[PDB]
Q: 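One structure, pasted below without further comment.
In the text below, chain A, chain B and the rest are named by the order of the sequence lines, each starting its count at 1.
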Amino acid sequence: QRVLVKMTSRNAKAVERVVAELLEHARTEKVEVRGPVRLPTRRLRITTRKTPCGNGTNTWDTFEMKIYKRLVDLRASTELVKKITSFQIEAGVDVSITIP
Amino acid sequence: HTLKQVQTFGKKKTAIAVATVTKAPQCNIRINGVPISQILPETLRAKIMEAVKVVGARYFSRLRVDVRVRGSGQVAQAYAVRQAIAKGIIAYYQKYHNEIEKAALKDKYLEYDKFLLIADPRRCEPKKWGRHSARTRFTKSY
Amino acid sequence: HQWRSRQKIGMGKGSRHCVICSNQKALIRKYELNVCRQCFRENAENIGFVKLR
Amino acid sequence: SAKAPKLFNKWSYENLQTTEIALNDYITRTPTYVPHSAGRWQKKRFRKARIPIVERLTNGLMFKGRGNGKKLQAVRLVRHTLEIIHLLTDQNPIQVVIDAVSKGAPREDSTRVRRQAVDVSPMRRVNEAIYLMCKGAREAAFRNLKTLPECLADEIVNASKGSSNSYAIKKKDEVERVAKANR
Amino acid sequence: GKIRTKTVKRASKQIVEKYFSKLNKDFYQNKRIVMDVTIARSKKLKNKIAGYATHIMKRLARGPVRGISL
Amino acid sequence: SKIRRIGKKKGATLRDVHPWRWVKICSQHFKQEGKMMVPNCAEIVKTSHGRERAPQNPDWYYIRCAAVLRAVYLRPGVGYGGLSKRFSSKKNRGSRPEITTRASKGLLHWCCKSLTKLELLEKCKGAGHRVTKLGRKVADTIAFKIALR
Amino acid sequence: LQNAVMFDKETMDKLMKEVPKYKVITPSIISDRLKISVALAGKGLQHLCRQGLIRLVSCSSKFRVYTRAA
Amino acid sequence: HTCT
Amino acid sequence: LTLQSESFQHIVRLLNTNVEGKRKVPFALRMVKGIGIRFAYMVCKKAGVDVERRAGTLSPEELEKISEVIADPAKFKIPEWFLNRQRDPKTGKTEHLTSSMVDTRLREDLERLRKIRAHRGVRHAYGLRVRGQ
RNA sequence: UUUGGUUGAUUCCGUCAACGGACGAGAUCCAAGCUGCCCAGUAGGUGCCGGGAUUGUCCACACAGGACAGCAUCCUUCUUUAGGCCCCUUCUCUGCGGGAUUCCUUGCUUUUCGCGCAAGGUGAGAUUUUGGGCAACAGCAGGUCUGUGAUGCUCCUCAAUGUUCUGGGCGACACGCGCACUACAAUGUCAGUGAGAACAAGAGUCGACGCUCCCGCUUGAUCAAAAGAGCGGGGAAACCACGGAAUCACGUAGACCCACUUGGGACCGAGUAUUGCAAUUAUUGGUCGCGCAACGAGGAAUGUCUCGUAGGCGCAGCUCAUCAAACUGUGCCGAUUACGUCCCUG
Ligand SMILES: [K+]
Ligand SMILES: [K+]
Ligand SMILES: [K+]
Ligand SMILES: [K+]
Ligand SMILES: [K+]
Ligand SMILES: [Mg+2]
Ligand SMILES: [Mg+2]
Ligand SMILES: [Mg+2]
Ligand SMILES: [Mg+2]
Ligand code: NA
Ligand code: NA
Ligand code: NA
Ligand code: NA
Ligand code: NA
């Protein structure tokens, strides 16, 4: 659990792209990498009446929003790890680096 | 000196039962810690007991059965246990034994009940707006 | 002293306002949104909410 | 080894028969241990005839708004009914239940078509038989000291004997008599 | 009902016309061939297309078909 | 002979025996011994405010403490919040939908105090209570007692 | 309904005189033959079974069924 | 409130 | 299973209220106004009377022991929160009111509110509901 | 763009003064039920090695005590909120994929053919697979000027229909109507013991150097509930959490026994604590009384529903400083009847 990098976004394709090419950036140094972990996907739901004036049949409207989370474990020296993590980041994807 | 072990599973509604069958000096069946023949609902005891009573106790001679159930109420958990037990002996007999011995118990199992080896695919239906349940609608007044 | 008084206290329904139109009727407070339902439906796509089912 | 299943570990399914040749194909007698099955018996048109006879009696017991879905309670009520039947008759309880279903439904009905008499199919005969037994017992045990497990046993026994002191038999005669004069 | 629509029917005739060889009376072999030479997005359509193609081949093995024109 | 033992299977453990029978025997042992202290609050209070009437069993306090011993035995490190969950019911609210209520945590504090005074239970640091060596011995000795009986 | 609440001599003797001859014994039935409460009937039947004049057939928390010993 |  | 003693009596007279000869003792005392269930259980417990006696053998000494317990509940370690009138807005006393004295206090409260001419008093006078309904 | 068969289908086949085309249906999209790769110090298991507890030649077998497993086998079982190590990925997590196609038999099908139906088989699943979401062209003087810094004409505009403050009202009862909740009891009410779900949610982007939100463990306690207080955790697959929900079960040798009764809880009296700047027209929660309020299954009339469905039972979210008999979702027990027709309404 030496180095924890967590990525999360709103686009499954973008999240997968970042993880896959982060691994090749890791695979070019010979770090010890624990495989990516897919955390459970979370959906935020909001239900709202469609009408703006309260008339007619009571018809509703359900909106959703999905969030994908991935986890990667790296065991390497700090000045090295910053070099791996210096890659370009796709728009909409955030990356958090933590050490426990 | 040697270890014989198999792991199977069964599901009824959302309960998942995981059964481990191993060779032991004497047969024992424990469900969530408390042994069989001590489950309070006698009706549910009979349903679990029938997994061995159909093929006879001679095939469960020196086997140890350990089952753990999680989720989905009371009756649905009993049905998942009996399916994980039935799949367990069949899986155990598949190896460590000839092929003729297997498929001699399967026919007895599938003759009595299909669900003893095949999971029931039924699940709860989602609720829709404008309805009190999946099907029933709001009352009309005129 | 007496010009606002109650409004300066800042409590209850009459102290929230909509983030977009400053209205105080039928606000959505989930996830700290503070958008009225009429304005939410118009901006839901840009917020990131899509209708799948 | 394996032995033949016995209902409630006390009653045997062997040496069972139906004296009415019409209903022989619609009353099931496969051996089972308990009246709990939990199978999809309503997917096809005629698949409901394969439910064991004792289970069908169990299903009819849990009817009113209270009792909708209390299968385990119904099994307990059915279980206590059998020994009262066995004590009263000194004969296999399942045999008595088989006889009562055989003789508990009218074989000729009248329908609005001015009403004209028609016939009744085997399946409707079995279904209406069990329905009238549970309905007769349920209304007898309401606001009464008699309790239900020993209200249902008496009416099943009376129906098997064919006595008119039963809800099932009394209604069967009235339907048949009306259908005759209505044609 | 299980009627096959015009989109399914027309594509099946085209496949049989161009690739009558390599086709046989087995659904599973035909499905693999259809998946190779089709670019349809839906998997459901490709299953139906291979189903109707096998039906045509079975009729062809017995007699001529108006629309096939080999 | 229902007490004849099968090959092997020597002794018994609490998890094996019938649950109600063990509680009834354990409650009598507490009563017949007499070292357990019963507070003067054990004649007026109800088990929980969700209940409607006071307990009808004269030995209800002795029964409850035995059950509390069993729960701590099964789940070490449980606290008053957990024990209230184990003893719950549905409250009749009049012309309103019923609601579930938890047991009062005041009584469970008294029950744990009586057991601790009887050196049958000790509290883990920074957590709930667990059972001591004497408490484990007491429960198992009674369980084997029932099996032989 | 004027069911008695406490056992009285005439009913007291009738409990061991006539009841043990009955083929089926139930608290609901006994409360009818002797005009006593259902709660009283259950206690009297338990009294007879301990004596040994009747035998319990089916036992449960809510329902009990007894028959003659021989 | 009152209804009657 | 004890035989009826032939001294079994119906409508046992107690606290100017006829109390049924049948019924268990806690549910027979419930018919005396002001007692109610959950109080008759405490009354029987503090008077040394079994709750499974069914008023069949209620000897005059036991009735007198019961009647003196309810007369002064606090003398037998009944808690103050377990009582009818906790602080008596007029007198300033803690007591339990039973057996045709609760109604007298009820009409005393109604007239007290009327003289005050409070909102609760006038609504009581007109016959309307005094709560929020 | 009709007629003849068929289909939920203007879905197909055939015929044809029409031929070629566009929408809608179908497909596509989401969620379930079966499986493949990749996965772990936030999900889980398997051996051993420690440590802790109980342990029988017979004999005894509940106060009345019964029916249902283990015994040719290598050695009795449980726990580790006194725990060290070794092996793993069936169960959980999910981003792309496979898998169902009337596929295979039998019988029916306009004189053949064609389009297809019914029963069975393979199967996790066998007929739009099951639920949703989307949904054309024409309209209605349907609703909304009480959503907006959407808006035209037209009203008020400084002792105002602008704006703010104080106090009331929106809730007032002889009554009538729609929709819910609770019951009218024994298939029950009350009191104990047992096993046991999923969807979810939780704090600053103005105010006190620290916090605000959601919870756990103790103490309060030499004596009710309701609460003050200490000690901590969680930014949420790590905390609450081994998520001890309610129906449910119990050979509990429990209490009641057919009565407006321990059924039902309306109405009313008295004492307390909390939220709030403020509780009277009772905010709310808890305690003891009142139960002599109807109500014993409901006339004419009338609503919804075809498989994990109806009905029954609870939980979360939302509204929310405090209040859910409402709505939006979630799981738990779990049936009877039909597989039809055009009689009524369309
Ligand atoms: K409505
Ligand atoms: K039109
Ligand atoms: K209003
Ligand atoms: K509302
Ligand atoms: K019609
Ligand atoms: Mg035209
Ligand atoms: Mg208009
Ligand atoms: Mg009540
Ligand atoms: Mg009453
Ligand atoms: Na009854
Ligand atoms: Na109730
Ligand atoms: Na309810
Ligand atoms: Na049709
Ligand atoms: Na305007």
Side-chain angles (χ1 to χ4, degrees), chain A residues 1 12 16 35 37-40 47 52-53 55, chain B residues 7 9 16 18 25-28 37 40-41 57 62 71-74 121-127 135-137 139-141, chain C residues 2-3 5 21 23 36 38-39 52-53, chain D residues 9 42 45 59 66-69 71 73 143 145 148, chain E residues 1-3 5 27 42 47-48 51, chain F residues 1-3 6-13 15 19-20 23 39-41 45 49 53 55-57 76-77 79 81 85-86 90 94-97 100 124 136-137 140 144, chain G residues 1 37-39 49-50 59 61, chain H residues 1-2, chain I residues 27 34 36 81-87 106 109 119 131-132:
Chain A
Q1 85 311 338
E16 287 307 313
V37 219
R38 293 198 192 82
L39 286 334
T47 339
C53 58
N55 186 67
Chain B
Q7 288 186 71
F9 77 96
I16 320 185
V18 182
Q26 191 202 358
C27 169
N28 252 304
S37 80
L40 254 296
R62 310 252 158 210
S72 192
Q74 173 186 48
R122 291 187 282 183
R123 299 278 185 279
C124 262
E125 255 199 63
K127 178 224 167 88
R135 306 283 185 151
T136 153
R137 263 92 174 164
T139 318
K140 184 160 303 205
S141 342
Chain C
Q2 208 227 41
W3 180 231
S5 291
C21 62
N23 210 223
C36 59
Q38 282 107 344
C39 284
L52 305 320
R53 180 254 332 279
Chain D
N9 282 91
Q42 304 282 359
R45 173 155 136 79
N59 279 2
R66 69 177 189 215
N68 256 336
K71 184 73 101 73
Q73 180 180 27
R143 285 192 89 199
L145 287 154
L148 175 88
Chain E
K2 290 309 268 187
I3 283 88
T5 74
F27 165 80
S42 180
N47 279 349
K48 293 175 195 279
Chain F
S1 164
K2 326 278 207 61
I3 75 102
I6 307 108
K8 316 156 197 293
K9 316 192 47 182
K10 32 159 65 64
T13 307
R15 206 41 192 282
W20 162 253
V23 169
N40 36 324
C41 277
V45 311
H49 79 81
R53 296 163 201 189
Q56 280 148 352
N57 215 317
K85 256 193 275 213
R86 180 170 228 259
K90 204 165 68 168
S95 305
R96 289 175 75 185
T100 89
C124 187
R136 194 116 196 178
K137 146 176 293 318
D140 288 353
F144 176 64
Chain G
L1 283 202
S37 169
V38 161
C49 180
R50 198 189 343 245
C59 184
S61 286
Chain H
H1 318 140
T2 296
Chain I
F27 300 95
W81 47 271
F82 200 75
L83 285 174
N84 253 357
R85 279 251 149 151
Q86 303 226 355
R87 273 179 67 208
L106 199 298
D109 265 322
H119 184 225
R131 272 85 142 97

Q: State whether F:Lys85 places a side-chain N or O below 4.0 Å from either non-bridging phosphate oxygen (OP1 or OP2) of J:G244.
A: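 For F:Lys85, the contact criterion (side-chain N or O under 4.0 Å from OP1 or OP2 of J:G244) is met.
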Q: Go nucleotide by nucleotide along RNA chain J from the 5' end; which of B:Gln26 and F:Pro97 gets its closest nucleotide reached first?
A: B:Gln26
Q: Is the ring of I:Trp81 stacked on the base of J:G271, with centres less than 5.5 Å apart and planes under 30° off?
A: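 Ring-base stacking flag not set for I:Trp81 and J:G271.
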Q: Check the distance between J:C307's P and D:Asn68's CG and give it to me in whole angstrom.
A: 18 Å
Q: Of the candidate nucleotides J:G56, J:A69, J:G52, which contains the atom at the shortest distance from the side chain of F:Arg136?
A: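 Out of J:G56, J:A69, J:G52, the nucleotide with an atom closest to F:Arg136's side chain is J:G52.
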Q: D:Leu145 side chain: which of J:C257, J:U76, J:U148 is closest?
A: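 Of the options given, the side chain of D:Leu145 lies nearest J:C257.
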Q: Does E:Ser42 put a side-chain nitrogen or oxygen below 4.0 Å from OP1 or OP2 of J:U28?
A: yes
Q: Using OP1 and OP2 only, check whether a side-chain N or O of D:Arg45 sits under 4.0 Å from J:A338.
A: no
Q: OP1 or OP2 of J:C332 versus the side-chain N and O atoms of B:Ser72: is any pair under 4.0 Å?
A: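 For J:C332, OP1 or OP2 has a side-chain N or O of B:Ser72 closer than 4.0 Å.
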Q: Evaluate the base stacking between J:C342 and its strand neighbour J:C343 against centres under 5.5 Å and planes under 30°, returning yes or no.
A: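 Judged by ring centres under 5.5 Å and planes under 30°, these neighbouring bases do not count as stacked.
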Q: Do any side-chain nitrogens or oxygens of F:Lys10 fall under 4.0 Å of OP1 or OP2 in J:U77?
A: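 False: F:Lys10 side-chain N/O out of range (4.0 Å or more) of J:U77 OP1/OP2.
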Q: For a quick test of reading the model: is some side-chain N or O of B:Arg135 closer than 4.0 Å to OP1 or OP2 of J:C307?
A: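 For B:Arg135, the contact criterion (side-chain N or O under 4.0 Å from OP1 or OP2 of J:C307) is met.
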Q: Counting distance alone, no hydrogens or angles: does the base of J:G254 have a donor or acceptor under 3.5 Å from a partner atom on the side chain of F:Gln56?
A: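 It does, because a donor-acceptor pair links the side chain of F:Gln56 to the base of J:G254 below 3.5 Å.
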Q: OP1 or OP2 of J:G194 versus the side-chain N and O atoms of F:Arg86: is any pair under 4.0 Å?
A: yes
Q: Work out which heavy atom in B:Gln74 is nearest to a heavy atom in B:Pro41; give both atom names and the distance.
A: NE2-CG, 4.0 Å
Q: Under 4.0 Å from OP1 or OP2 of J:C257: is there any side-chain N or O of G:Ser37 that close?
A: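 Checking J:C257 against G:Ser37, a side-chain N or O does come within under 4.0 Å of OP1 or OP2.
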Q: Taking the side chain of E:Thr5 as heavy atoms from C-beta outward, which of J:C165, J:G147, J:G26 is closest to it?
A: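 The closest nucleotide is J:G26.
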Q: Closest nucleotide of RNA chain J for F:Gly79 versus for G:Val38: which of these residues is on the 5' side?
A: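 The residue mapped nearer the 5' terminus is F:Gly79.
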Q: Of the options J:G95, J:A253, J:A185, whose atoms approach the side-chain atoms of A:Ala12 most closely?
A: J:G95
Q: If you check the B:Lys127 side chain, which of J:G95, J:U328, J:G269 turns out closest?
A: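 Of the options given, the side chain of B:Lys127 lies nearest J:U328.
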Q: If you only use heavy atoms from C-beta on, which nucleotide in J:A191, J:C339, J:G171 is closest to the side chain of H:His1?
A: J:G171
Q: For a quick test of reading the model: is some side-chain N or O of D:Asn59 closer than 4.0 Å to OP1 or OP2 of J:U336?
A: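 Indeed, a polar side-chain atom of D:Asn59 lies that close.
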Q: Should F:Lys2 be listed as having a side-chain N or O under 4.0 Å from OP1 or OP2 of J:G65?
A: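 No, no such contact exists.
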Q: Given J:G143, J:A124, J:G314, identify the nucleotide with an atom nearest to the side chain of F:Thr100.
A: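 That would be J:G314.
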Q: Once hydrogens and angles are ignored, does a donor-acceptor distance under 3.5 Å link the base of J:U281 to the side chain of I:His119?
A: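 Counting by modelled atom types and ignoring angles, a donor-acceptor contact under 3.5 Å is found here.
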Q: Classify the side chain of I:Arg85 and the base of J:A270 as holding, or not holding, a donor-acceptor pair under 3.5 Å.
A: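 For I:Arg85, whose side chain was compared with the base of J:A270, there is no donor-acceptor pair (under 3.5 Å).
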Q: For J:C29, what is the paired nucleotide under Watson-Crick or G-U wobble rules, both distances under 3.5 Å?
A: J:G132
Q: It should be established whether B:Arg123 places a side-chain nitrogen or oxygen under 4.0 Å from OP1 or OP2 of nucleotide J:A31.
A: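 So the side-chain polar atoms of B:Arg123 never come under 4.0 Å of the phosphate oxygens OP1 or OP2 of J:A31.
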Q: Among J:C68, J:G131, J:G188, which nucleotide sits nearest the side chain of D:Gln73?
A: J:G188
Q: When you measure from the side chain of F:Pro39, which nucleotide among J:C223, J:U163, J:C30 comes out closest?
A: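 For F:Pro39, the side-chain atoms sit closest to J:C223.
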Q: When you compare the pyrimidine-type six-membered rings of J:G276 and the adjacent J:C277, are the centres under 5.5 angstrom apart while the planes stay under 30 degrees?
A: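 Ring centres or planes out of range, so no.
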Q: Does B:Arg122 place a side-chain N or O at less than 4.0 Å from the phosphate oxygens OP1/OP2 of J:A124?
A: no
Q: At under 4.0 Å, does any side-chain N or O of F:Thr13 touch on OP1 or OP2 of J:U77?
A: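 No, no such contact exists.
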Q: Give one of base, sugar-phosphate or nothing for F:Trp20, where a contact means two heavy atoms less than 4.0 Å apart.
A: sugar-phosphate
Q: Out of J:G269, J:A249, J:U128, which has the shortest distance to the side chain of B:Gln74?
A: J:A249
Q: Quick one: does A:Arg38 reach the base of J:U94 with a side-chain donor-acceptor pair under 3.5 Å?
A: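 Answer yes: a donor N or O sits under 3.5 Å from an acceptor.
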Q: Reckon I:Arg131 has a side-chain N or O less than 4.0 Å from the OP1 or OP2 of J:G269?
A: yes
Q: With a 3.5 Å cut-off and just heavy-atom distances, do the side chain of F:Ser1 and the base of J:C61 make a donor-acceptor pair?
A: yes
Q: Could one point to a donor on the side chain of C:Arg53 or the base of J:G132 with an acceptor on the other under 3.5 Å away?
A: no
Q: Within this structure, what is the NE2-to-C1' distance between F:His49 and J:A273, rounded to whole angstrom?
A: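 One finds 14 Å between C1' of J:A273 and NE2 of F:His49, rounded.
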